[PDB]
Novice: 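The following block contains the structure, expressed as structure tokens.
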Amino acid sequence: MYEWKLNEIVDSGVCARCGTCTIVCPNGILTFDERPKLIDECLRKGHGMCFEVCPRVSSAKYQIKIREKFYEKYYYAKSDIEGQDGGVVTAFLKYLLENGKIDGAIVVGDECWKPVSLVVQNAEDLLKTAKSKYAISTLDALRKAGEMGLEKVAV
Amino acid sequence: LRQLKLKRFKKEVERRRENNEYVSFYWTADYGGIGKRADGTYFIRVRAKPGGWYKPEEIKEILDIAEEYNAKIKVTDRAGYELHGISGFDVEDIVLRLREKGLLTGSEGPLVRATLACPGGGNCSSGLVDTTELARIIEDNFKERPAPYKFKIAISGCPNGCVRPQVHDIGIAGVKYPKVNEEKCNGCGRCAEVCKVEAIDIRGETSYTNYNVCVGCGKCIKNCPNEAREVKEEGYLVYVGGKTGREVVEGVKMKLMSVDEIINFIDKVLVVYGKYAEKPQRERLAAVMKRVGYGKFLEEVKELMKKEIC
Amino acid sequence: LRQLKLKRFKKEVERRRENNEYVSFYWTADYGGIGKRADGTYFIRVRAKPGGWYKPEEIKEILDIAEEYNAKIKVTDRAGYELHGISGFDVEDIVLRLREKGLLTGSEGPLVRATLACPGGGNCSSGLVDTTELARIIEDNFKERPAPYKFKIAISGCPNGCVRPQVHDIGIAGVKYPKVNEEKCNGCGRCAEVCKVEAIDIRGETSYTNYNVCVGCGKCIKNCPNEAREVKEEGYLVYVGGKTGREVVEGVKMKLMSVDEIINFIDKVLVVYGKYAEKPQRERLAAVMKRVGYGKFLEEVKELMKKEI
Amino acid sequence: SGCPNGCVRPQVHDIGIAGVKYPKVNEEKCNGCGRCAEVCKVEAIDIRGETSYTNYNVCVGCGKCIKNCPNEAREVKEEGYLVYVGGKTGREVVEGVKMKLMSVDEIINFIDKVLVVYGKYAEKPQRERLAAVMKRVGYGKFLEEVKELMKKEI
Ligand code: SRM
Ligand code: SRM
Ligand SMILES: Cc1cc2nc3c(=O)[nH]c(=O)nc-3n(C[C@H](O)[C@H](O)[C@H](O)COP(=O)(O)OP(=O)(O)OC[C@H]3O[C@@H](n4cnc5c(N)ncnc54)[C@H](O)[C@@H]3O)c2cc1C
Ligand code: SF4
Ligand code: SF4
Ligand code: SF4
Ligand code: SF4
Ligand code: SF4
Ligand code: SF4
Ligand code: SF4
Ligand code: SF4
Ligand code: SF4
Ligand code: SF4
Ligand SMILES: O=S([O-])[O-]
Ligand SMILES: O=S([O-])[O-]
Ligand SMILES: [Ca+2]
Ligand SMILES: [Ca+2]
């Protein structure tokens with residue numbers, strides 16, 4: 001078989017099924033639908049950045065928090081866009097695209113409620129993704145955005 | 001909702017423990033001073049207290065935790081504490097318990113490590129400057145501050161460098177240089193005996209100092225029975241770009257600095273270090289200074305120091 | 001008679017204390033690890049235990065003394081303990097009390113200071129050799145041994161030198177150098193990522209090591225997923241003539257040594273150091289080695305090492 | 001080099017030779033005139049009352065104090081060729097290690113054996129200087145072998 005270090009995290013059920021490990025593979029030998037899968041032999045046996053970005057191997061929150069210096073400001077809002085709740089996430093993505101703050105938005109769309117990771121560069125296409133998908137989602141569109149050559153994105 | 005999710009998490013971790021299922025203790029990286037031992041257990045590093053001074057209540061808490069969890073007690077060469085043999089299930093409980101008693105876990109990772117200070121002035125008979133308050137000021141301003149790689153500061157009370165200021169990212173050493181008062185000096189010869197570097201020359205009815213050898217220990221001023229030796233220059237001598245570990249790099253002697261100047265200098269050096277660092281967790285300050293040039297690096301540090309208004 | 005004279009002495013010291021008469025605590029120099037603070041009181045230095053490991057019973061005793069005498073507790077950078085604010089009247093009582101619990105006072109004066117060792121093998125994930133037992137062997141053979149000036153030994157478990165082997169009178173560092181097995185190496189590139197010194201080159205279906213950069217941390221052997229890296233050379237790398245303090249002197253890299261060789265080497269370096277030292281309490285090993293010459297000094301150390309066997 | 005002033009840089013050469021002449025004071029002849037301390041560039045001499053002393057931790061063995069003593073109170077303590085090995089300059093500076101005083105025959109034997117051990121352990125011709133090979137195998141191990149080969153010559 002083809003050995004993969006992250007199999008212990010996946011087989012134990014600790015895996016968050018976030019899909020971060022598969023988008024970072026520089027050989028594109030990892031795919032993600034509802035769980036990580038090797039489509040080819042890994043020469044490192046998974047001893048690489050798929051294992052190192054995994055939030056279930058190590059959170060790395062302390063080193064990230066002291067650099068990000070997060071704070072907490074609580075607000076609530078609603079927008080003209082119809083969304084899951086107030087449609088705030090879509091309204092914010094629409095604003096960032098329209099004001100040239102991002103080249104594209106990494107959002108979750110759907111086909112029969114099956115989540116689909118998409119790269120959105122137009123506001124009209126944002127409306128189709130404005131709703132919660134409670135099925136497992138992926139971050140696959142971030143890899144597509146990279147192949148497209150997009151400089152900045154919102155996820 | 002946060003508490004309901006945390007309770008569900010605690011329930012699942014306990015269930016896995018009871019059924020001998022695999023657990024990845026990924027949340028241990030939420031805290032500072034956490035490391036994994038060769039045997040699979042963890043060690044918790046208490047960030048060293050300024051000057052290596054610990055209250056009996058502080059040591060007693062470490063002793064209670066060690067006995068309760070059957071952990072080994074280790075003392076570090078930066079005068080810190082480490083609790084070895086901690087299970088991943090108890091790491092978070094111990095860190096929060098230590099935090100309540102003021103014992104912050106840290107001095108680990110790419111950040112400013114525990115400041116190392118000697119007893120110095122008021123404690124050591126060779127001490128020329130206060131080291132305990134300076135260490136507290138530096139700890140209050142930069143403790144656990146992120147950097148491209150580990151950053152270590154040492155404060156020595158005199159030029160004997162007990163805490164190695166010459167091989168630290170930033171080294172501070174107390175200095176007191178002498179000058180001879182010819183009206184009071186009678187060539188008794190006592191000062192030459194207290195000088196370890198042998199910088200003094202006794203000639204007839206007077207004495208001299210070789211300033212290329214003198215390290216400014218001030219022993220000759222203190223031990224002159226005729227008060228013929230006076231303070232020429234005094235203060236905190238600063239070094240920058242020192243390092244030890246895989247390789248030894250001697251820090252460069254800068255100049256005498258006031259406490260406010262030292263705080264400004266430490267901050268600016270960190271800013272210029274972060275600006276020019278290309279490889280986090282590999283490049284120490286010395287490597288970044290060498291690559292961009294000491295002159296270019298230090299002239300930027302000076303420009304930023306002049307701009308400082310707080 | 002010895003006890004009668006001691007009782008008379010104790011009676012006179014107590015009488016002076018009660019009448020506020022001057023007392024010179026000259027007998028404090030009968031013990032090791034004693035120093036005088038700037039304020040007139042004393043500090044008692046407990047010779048650091050090997051590896052900085054302390055039993056709970058030991059730390060509790062230091063805590064009891066500190067609270068009884070209202071003394072401050074200081075931790076040293078050699079992982080030792082110091083009790084500050086001790087009165088000259090209580091110094092002797094505290095030293096003998098500490099001695100009963102196995103806490104010898106020392107690591108002070110012109111002698112072999114407390115041996116500094118890191119957790120090393122079995123404790124630290126980077127550890128390549130055992131440092132705790134080696135530190136115990138060195139402590140048992142040379143603790144408090146007289147020398148022309150202070151003599152400091154440091155044992156590191158790997159080349160990261162956490163206890164600074166390159167600037168110690170004698171420095172020991174665990175090393176594990178790699179060699180590549182071309183039949184198993186496939187150029188996956190994982191070894192180059194674990195190398196802090198960047199000594200590895202990944203080329204096609206193989207990998208190489210620059211031995212002018214490699215420090216022998218053995219991380220590439222340990223972290224190779226295909227077991228393609230093997231041990232080329234392994235053991236304790238030794239350094240001599242290093243120091244810190246007023247000036248920095250880097251020790252000279254000698255060679256790999258067995259534990260018996262290390263003990264023989266430490267003993268013979270001390271013998272040749274004592275033979276050539278001219279100024280006790282001023283000349284460190286590095287100064288004596290520099291004055292007589294490193295070649296001449298080390299040649300004699302080797303001749304004495306051969307005579308031991 | 002003919003003296004410790006190292007005009008041809010013996011401390012940064014693969015093999016460096018420097019002439020040295022260390023002093024010793026004859027108390028019967030020394031009167032504390034103070035002339036020797038003036039000719040010492042390193043300031044290793046101390047003039048005290050009717051005598052003089054030398055700090056051997058500073059003295060470089062230039063022999064100026066022996067030559068310029070008007071009362072012939074300074075004599076030769078030790079004399080000869082001081083040898084250094086493993087030094088270099090160029091892309092990086094490496095200071096050579098001070099070995100010991102050597103006779104001319106010893107120097108020739110030493111140069112030959114350092115070249116033999118250098119050739120035996122060098123892995124990268126045109127890249128590794130003696131200093132790099134000495135550092136990689138260890139100065140102790142390298143010099144121990146040089147000595148073993150030197151003994152076999154005789
Ligand atoms: C505990 C301690 C040794 C001791 O016995 O006291 C220690 C222990 C470790 N050191 Fe260290 N270092 C310790 C002081 C040092 C010092 C001296 C100092 O800081 O005063 C040095 C050299 C001085 C310097 O760095 O300027 C030192 C040089 C390293 C290095 C190589 C650093 C370099 O830049 O070359 C590493 C690994 C790395 O950075 O790649 C390292 C890494 C480590 C790690 C965390 C191994 C690792 O990479 O994860 C070791 C933890 C093992 C354990 O069980 O504790 N340790 N380490 C010291 C912790 C003091 C503290 O409380 O903060
Ligand atoms: C406590 C400690 C500083 C600390 O905060 O940890 C310390 C404290 C003193 N040192 Fe030290 N030295 C201490 C480690 C060092 C180190 C580092 C080390 O050894 O690990 C150095 C530089 C490293 C080295 O020497 O290789 C150091 C370099 C000195 C020197 C300069 C010696 C030299 O060769 O340049 C002196 C004075 C002297 O020897 O002339 C000195 C002398 C002293 C004295 C005893 C001053 C004196 O002559 O009476 C200081 C006692 C003050 C006090 O209250 O403790 N101390 N001293 C360290 C005791 C560790 C221990 O348990 O043994
Ligand atoms: C699985 C899931 C569980 C949630 N659980 C809670 C909860 O317990 N409590 C709570 O208060 N809120 C929860 N939320 C958030 C809530 O459902 C809304 O998404 C949120 O309030 C924002 O709504 P909005 O109208 O402002 O955004 P909208 O304008 O509707 O935009 C929604 C955005 O969510 C993204 N999205 C949708 N599904 C996914 C997915 N599976 N993964 C990643 N992105 C996705 C879309 O791409 C879009 O950009 C959950 C969301 C999800 C997806
Ligand atoms: S180790 Fe590298 S090549 Fe292999 S699966 Fe992980 S990211 Fe991909
Ligand atoms: S990165 Fe996410 S999907 Fe991949 S193994 Fe880790 S938790 Fe699972
Ligand atoms: S550096 Fe100076 S003041 Fe500080 S402990 Fe050492 S001798 Fe004392
Ligand atoms: S101890 Fe004082 S009076 Fe005596 S020689 Fe020195 S400076 Fe002059
Ligand atoms: S200050 Fe110290 S080093 Fe300088 S001359 Fe006086 S005793 Fe010597
Ligand atoms: S010297 Fe090596 S084995 Fe010892 S504590 Fe440091 S990293 Fe670990
Ligand atoms: S990690 Fe192992 S298999 Fe991969 S390139 Fe390095 S030596 Fe070869
Ligand atoms: S042993 Fe260490 S320094 Fe040497 S090539 Fe391997 S990882 Fe690099
Ligand atoms: S020059 Fe000669 S006589 Fe004069 S002090 Fe020197 S050694 Fe003595
Ligand atoms: S031989 Fe030269 S360096 Fe030595 S004391 Fe005489 S003049 Fe000074
Ligand atoms: O723990 S070491 O990195 O200071
Ligand atoms: O007393 S200091 O030299 O360890
Ligand atoms: Ca390379
Ligand atoms: Ca002099």
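Numbers restart at 1 for each chain; the letters A, B, ... are given by sequence-line order, proteins then strands.
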Novice: Would you say the side-chain atoms of B/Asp169 pair up with the backbone N or O of B/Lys152, donor to acceptor, closer than 3.5 Å?
Specialist: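 It does hold such a pair.
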
Novice: Between C/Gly235 and C/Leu256, which heavy-atom pair has the shortest distance, and what is it?
Specialist: N-CD1, 4.2 Å

Novice: Could you go through the side-chain contact (heavy atoms from CB on, under 4.5 Å) check for C/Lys253 and C/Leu237 one step at a time?
Specialist: CA-CA 8 Å; C/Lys253 178 169 153 179; C/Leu237 179 63; 3.9 Å; yes

Novice: Whether B/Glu14 and B/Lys10 form a salt bridge (side-chain N of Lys/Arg under 4.0 Å from carboxylate O of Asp/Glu) is what I want to check.
Specialist: no

Novice: Does the B/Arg284 side chain pair with the main chain of B/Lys150, one donor and one acceptor, at a distance under 3.5 Å?
Specialist: yes

Novice: Salt bridge (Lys or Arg N to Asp or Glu O under 4.0 Å) with B/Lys275: which residues, sequence neighbours excluded?
Specialist: B/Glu300

Novice: Please check if the side chain of A/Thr129 supplies one atom and the backbone of A/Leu126 the other of a donor-acceptor pair under 3.5 Å.
Specialist: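 Judged by distance alone, yes, a pair lies under 3.5 Å.
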
Novice: Whether the side chain of A/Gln84 engages the backbone of A/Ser132 through a donor-acceptor N/O pair (distance < 3.5 Å, no angle test) should be reported.
Specialist: yes

Novice: With a 4.0 Å cut-off on N to O distance, would you call B/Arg8 and B/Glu12 a salt bridge?
Specialist: no

Novice: Is the backbone N or O of C/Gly174 less than 3.5 Å from a side-chain atom of C/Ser156, with the two atoms forming a donor-acceptor pair by type?
Specialist: no

Novice: Salt bridge check: are B/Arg37 and B/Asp39 linked by an N-O gap of less than 4.0 Å?
Specialist: yes

Novice: Taking side-chain hydrogen bond (donor to acceptor under 3.5 Å, both in side chains) as the cut-off, I'd like each qualifying pair that reaches into residues 39-63 of chain A, sequence neighbours left out, listed once.
Specialist: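 Pairs touching residues 39-63 of chain A that pass the test: A/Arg44-C/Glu193, A/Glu52-C/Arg190, A/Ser59-B/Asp30, A/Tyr62-B/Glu144, A/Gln63-A/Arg67.
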
Novice: Using a 4.5 Å cut-off on heavy atoms from C-beta on, say whether the side chain of B/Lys143 contacts that of B/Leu104.
Specialist: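 SC-SC contact between B/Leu104 and B/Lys143 confirmed.
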
Novice: Do the side chain of B/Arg45 and the main chain of B/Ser107 share a donor and acceptor less than 3.5 angstrom apart?
Specialist: yes

Novice: What are the two closest heavy atoms between A/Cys50 and A/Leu30, and how far apart are they?
Specialist: CB-CD1, 3.8 Å

Novice: Applying salt bridge (charged side-chain N to carboxylate O under 4.0 Å, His left out), which residue pairs with at least one partner in residues 95-108 of chain A are found, sequence neighbours left out?
Specialist: A/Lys94-A/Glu98

Novice: Strictly distance-based, threshold 3.5 Å: is any side-chain N or O of C/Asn223 a donor or acceptor partner for the main-chain N or O of C/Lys219?
Specialist: yes

Novice: Got C/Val213 and C/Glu198 here, is their nearest side-chain heavy-atom distance under 4.5 Å?
Specialist: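 Contact flag for C/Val213/C/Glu198 side chains = no.
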
Novice: Restricting to non-hydrogen atoms, name the atom on A/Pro115 and the atom on A/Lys133 that form the minimum distance, rounded to 0.1 Å.
Specialist: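 Heavy atoms of A/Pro115 and A/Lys133 come nearest at CG-CB, 3.9 Å.
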
Novice: Please indicate whether B/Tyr294 has more than 12 foreign heavy atoms, meaning atoms of other residues, nucleotides or ligands, lying under 6.0 Å from its OH.
Specialist: yes

Novice: Just by modelled atom types, is the C/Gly157 backbone N or O under 3.5 Å from a matching donor or acceptor in the C/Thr131 side chain?
Specialist: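 Checking the backbone N and O of C/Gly157 against the side chain of C/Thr131, no donor-acceptor pair under 3.5 Å is found.
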
Novice: Output all residues satisfying ring pair (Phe, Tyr, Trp, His ring centres under 6.0 Å) with B/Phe9, sequence neighbours left out; order by chain, then residue number.
Specialist: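 Only B/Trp27 meet the ring pair (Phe, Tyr, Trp, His ring centres under 6.0 Å) criterion with B/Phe9.
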
Novice: Go through the structure and list residues passing ring pair (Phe, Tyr, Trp, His ring centres under 6.0 Å) with B/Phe89, not counting sequence neighbours.
Specialist: B/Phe25

Novice: Between the side chain of B/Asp93 and the main-chain N/O of B/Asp90, is any donor-acceptor distance below 3.5 Å?
Specialist: no

Novice: Which residue pairs pass the salt bridge (charged side-chain N to carboxylate O under 4.0 Å, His left out) test when at least one of the two sits in residues 118-131 of chain A, sequence neighbours left out?
Specialist: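 For residues 118-131 of chain A: none.
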
Novice: Indicate yes or no for a side-chain donor-acceptor contact from A/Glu68 to the backbone of A/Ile64 under 3.5 Å, with no hydrogens or angles considered.
Specialist: no

Novice: Whether B/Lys243 engages the ring of B/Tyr149 as a cation-pi pair (distance to the six-membered ring centre under 6.0 angstrom, angle to the ring normal within 45°) should be assessed.
Specialist: no

Novice: Does the side-chain contact (heavy atoms from CB on, under 4.5 Å) test come out yes or no for B/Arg17 and B/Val23, once each step is laid out?
Specialist: CA-CA 8 Å; B/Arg17 190 181 202 180; B/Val23 174; 5.8 Å; no

Novice: Do the side-chain N and O atoms of C/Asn160 and C/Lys196 include a donor-acceptor pair separated by under 3.5 angstrom?
Specialist: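 Looking only at side-chain atoms, C/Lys196 and C/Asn160 do not form any donor-acceptor pair under 3.5 Å.
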
Novice: Would you call B/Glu108 and B/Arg113 a salt bridge, using N to O less than 4.0 angstrom?
Specialist: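 Yes.
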
Novice: Return yes when atom CG of B/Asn19 has more than 12 non-hydrogen atoms of other residues, nucleotides or ligands closer than 6.0 Å, and no otherwise.
Specialist: yes

Novice: Are A/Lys114 and A/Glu34 ion-paired here, with the side-chain N under 4.0 Å from a carboxylate O?
Specialist: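 Yes.
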
Novice: Does any donor atom in the side chain of B/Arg16 or A/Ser12 lie under 3.5 Å from an acceptor atom in the other side chain?
Specialist: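 Side-chain D/A pair, B/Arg16 to A/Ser12: absent.
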
Novice: Is atom CZ of A/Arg35 surrounded by more than 12 heavy atoms (other residues, nucleotides or ligands) closer than 6.0 Å?
Specialist: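 At most 12 heavy atoms, drawn from other residues, nucleotides or ligands, come within 6.0 Å of this atom.
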
Novice: C/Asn210 and side-chain hydrogen bond (donor to acceptor under 3.5 Å, both in side chains): which single residue from D/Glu123, D/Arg127, D/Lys124 fits?
Specialist: D/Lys124

